[PDB]
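Worksheet: the structure to be examined is printed underneath.
What follows is calculated from the coordinates using simple rules that are stated; it is not laboratory data. Every residue, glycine among them, receives a Cβ derived from its backbone with ideal geometry; neighbour counts consider all protein chains shown.
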Amino acid sequence: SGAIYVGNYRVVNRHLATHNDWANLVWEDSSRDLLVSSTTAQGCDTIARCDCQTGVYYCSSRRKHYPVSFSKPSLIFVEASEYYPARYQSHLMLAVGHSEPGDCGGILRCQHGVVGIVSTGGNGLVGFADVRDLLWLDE
Ligand SMILES: N#Cc1cccc(NC(=O)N2CCC[C@H](C(N)=O)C2)c1
Ligand SMILES: [Zn+2]
């Protein structure tokens, strides 16, 4: 679990969005596993606007942060799950690092701010959904 709180927006994994997220929907994209909902309170986070390929992510299944080197956002095949059919997930960055399904929502940050959230992984890999291209998150 986990979310990004920026301005009057909450960014979560689309497969973990709640009834309240869907009732206050701003934008969603099944291909990216992202959903953004509106909030009444101002949020705690800043979004990175950069091309960093190194950063640090939070891993809930270890209660620890890990440094990673990650690939540039791209289209990557993701096997079928209870939430989606087998498909290509876009804007996804891969890294070598521990992750389990419940780690989705953990934030990846670089020196410029939030880069994305955990969305895929397994077998010593972790995949992050990028948010750096969503310029409207800041206005
Ligand atoms: N093992 C593992 C693992 C680690 C981090 C994350 C995951 N992700 C998942 O559990 N899913 C199932 C729900 C939809 C997700 C999607 N992006 O299509 C993929 C697995
Ligand atoms: Zn950066």
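A Cβ-based charge dipole, computed about the Cα centre of the chain with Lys and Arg at +1 and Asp and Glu at -1, lands at about 360 debye. Expressed as a whole percent, the proportion of Cα-Cα pairs in the range 3-77 lying more than 20 Å apart is 46%. Among the GluC sites (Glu not before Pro) in the range 20-107, which ones are in a DSSP loop with at most 12 other Cβ atoms within 10 Å of the Cβ? Mind listing them? Passing both the DSSP loop test and the Cβ count: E79, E82.
If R0 equals 22 Å, the separation of the Cβ atoms of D29 and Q111 corresponds to a calculated FRET efficiency of about 0.25.
Distances between placed amide hydrogens fall under 5 Å for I47 paired with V114, all partners being 5 or more residues away or on another chain.
Of the trypsin sites (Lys or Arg not before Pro) found in the range 37-126, those in coil by DSSP whose Cβ has at most 16 other Cβ atoms within 10 Å are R49, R62, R63.
Let me have the relative contact order for the chain, percent, based on Cα pairs under 8 Å that are six or more residues apart.
25
Within the range 45-139, the proportion of Cα pairs with more than 24 Å between them is 17 percent.
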